[PDB]
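A.B. asks: What follows is a structure written as structure tokens; I'll ask about it next.
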Amino acid sequence: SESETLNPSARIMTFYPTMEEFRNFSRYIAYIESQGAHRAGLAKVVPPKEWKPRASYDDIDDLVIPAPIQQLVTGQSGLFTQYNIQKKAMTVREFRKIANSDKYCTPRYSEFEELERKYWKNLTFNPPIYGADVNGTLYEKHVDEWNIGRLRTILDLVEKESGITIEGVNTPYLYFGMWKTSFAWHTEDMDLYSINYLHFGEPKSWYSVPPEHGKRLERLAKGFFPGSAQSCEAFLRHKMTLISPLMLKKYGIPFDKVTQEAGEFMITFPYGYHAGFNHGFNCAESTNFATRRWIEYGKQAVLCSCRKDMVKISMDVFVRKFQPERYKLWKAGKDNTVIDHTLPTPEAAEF
Ligand SMILES: O=C(O)c1ccc(O)c2ncc(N3CCNCC3)cc12
Ligand code: NI
Ligand SMILES: [Zn+2]
């Protein structure tokens with residue numbers, strides 16, 4: 001009731017923490033949730049200006065991108081499917097040269113709405129290369145605030161208990177973008193949170209649908225791609241499906257849009273569908289994390305049913321540790337708990 005009164009429009013919120021607020025990562029997430037941020041599914045956090053995670057990005061031209069992917073997009077009328085074509089390894093220097101070449105570079109424009117229109121007009125032409133899923137971090141070893149290599153959230157329980165690492169999920173990924181490279185509509189694996197920091201370059205634009213409206217987006221997508229939906233219980237997790245804002249408007253799906261600049265963080269929340277594109281040559285770092293509120297999403301995440309090497313995290317350790325009274329009921333398949341997408345994580349109490 002009090003949570004439904006905070007950010008009731010479920011618009012994307014933007015925060016400007018001071019250094020003292022910034023220092024404690026998990027505490028700040030709880031705070032923005034206490035302000036209703038999660039209701040949007042996506043939030044922006046602008047870090048204090050005296051903060052930098054790396055002195056210089058002049059020394060990484062030799063960094064290898066082992067598996068660049070060329071993004072072939074097919075479709076019309078605002079509905080598309082993206083096919084990946086893996087290309088040969090290349091260095092950042094090589095990647096940047098291609099990105100900034102006349103062939104792949106960002107078109108000229110005035111307002112963002114103009115670039116956005118060009119993206120949706122030309123997305124099936126001249127398929128770009130995305131230097132995605134590069135294992136690594138660009139943080140200096142001694143950065144202790146919002147360090148994507150070690151956020152110290154309860155997601156650490158996975159590795160801690162089982163030794164299991166899942167690349168990009170409890171380890172960091174780098175993404176080197178160029179004009180018109182895309183990320184398709186999806187929620188995170190196991191419906192986890194994610195953090196995304198744009199180290200440098202041109203912006204990355206995002207779309208998001210409130211978790212409270214996630215099911216509507218799913219119903220729409222199933223009607224649009226009945227073949228894919230029949231074959232898999234969670235086809236959007238393939239991350240191949242692109243849907244334009246006009247199409248969302250046309251079918252009454254609530255969504256917001258936000259543009260991320262170099263030096264800014266984006267947080268995505270459990271069950272927040274999102275998608276977007278890069279404006280030009282840029283570099284982003286990301287990984288997943290959890291709070292106590294995520295556990296229930298974890299137990300209920302509807303998972304891809306047709307592919308091996310799909311991400312599945314055993315929820316057992318979390319339920320034992322944080323929901324001991326529900327453990328036996330849950331193991332017996334009788335845990336009928338219903339998720340309230342508006343409630344902030346328990347850690348937010350102090351706020
Ligand atoms: O591309 C982005 O900036 C991006 C932004 C936000 C997300 O939640 C993403 N999730 C997955 C993803 N892909 C890239 C292609 N290989 C599989 C992982 C990219 C992103
Ligand atoms: Ni993602
Ligand atoms: Zn599947």
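Ordered as shown in the structure tokens, chains take letters A, B, and onward, while each chain numbers its residues from 1 and ligands are numbered from 1 in the order shown.
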Could you tell me, counting only C-alpha atoms and all ligand atoms, which protein and nucleic acid residues lie no more than 7 Å from ligand 3, written as a list in words?
C.D. replies: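 So the residues close to ligand 3 are residues 232, 233, 234, 235, 237, 238, 304, 305, 306 and 307 of chain A.
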A.B. asks: Can you list, as a list in words, every protein, DNA or RNA residue that comes within 10 Å of residue A:141 when you count only C-alpha atoms, leaving out same-chain residues fewer than 4 positions away?
C.D. replies: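 Contacts, with the query itself left out: residues 53, 54, 137, 147 and 149 of chain A.
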A.B. asks: Can you check which parts of stretch 220-299 of chain A lie within 9 Å of stretch 90-109 of chain A? Per residue, the shortest pair of atoms and distance in Å to one decimal, counting only C-alpha atoms, sorted by chain and number, as a Markdown table.
C.D. replies:
| residue | atom | partner | partner_atom | distance |
| --- | --- | --- | --- | --- |
| A:279 | CA | A:106 | CA | 6.5 |
| A:280 | CA | A:106 | CA | 5.6 |
| A:281 | CA | A:99 | CA | 5.8 |
| A:282 | CA | A:96 | CA | 8.8 |
A.B. asks: For the selection you just gave me, I'd like the residues written to a file as a CSV table (one decimal), in the first residue's frame, keeping N, CA and C atoms.
C.D. replies:
chain,number,residue,atom,x,y,z
A,279,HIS,N,24.6,3.8,-29.8
A,279,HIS,CA,24.6,4.9,-30.7
A,279,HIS,C,25.8,4.9,-31.6
A,280,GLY,N,26.9,4.2,-31.1
A,280,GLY,CA,28.1,4.2,-31.8
A,280,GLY,C,29.2,3.4,-31.1
A,281,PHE,N,30.5,3.6,-31.4
A,281,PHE,CA,31.5,2.9,-30.7
A,281,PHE,C,31.5,3.3,-29.2
A,282,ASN,N,31.4,2.2,-28.4
A,282,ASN,CA,31.3,2.4,-26.9
A,282,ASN,C,31.8,1.1,-26.2
A.B. asks: Counting only C-alpha atoms and all ligand atoms, what residues are within 8 Å of ligand 1, given as a PyMOL selection string?
C.D. replies: chain A and resi 130+132-133+175+177+181-184+186-188+194+196+204+206+239+268+274-278+284+286
A.B. asks: Among stretch 100-341 of chain A, which residues does DSSP mark as strand (DSSP E or B) when it is run on the backbone? Keep the chain and numbering as in the structure and answer as a count of residues only.
C.D. replies: 58
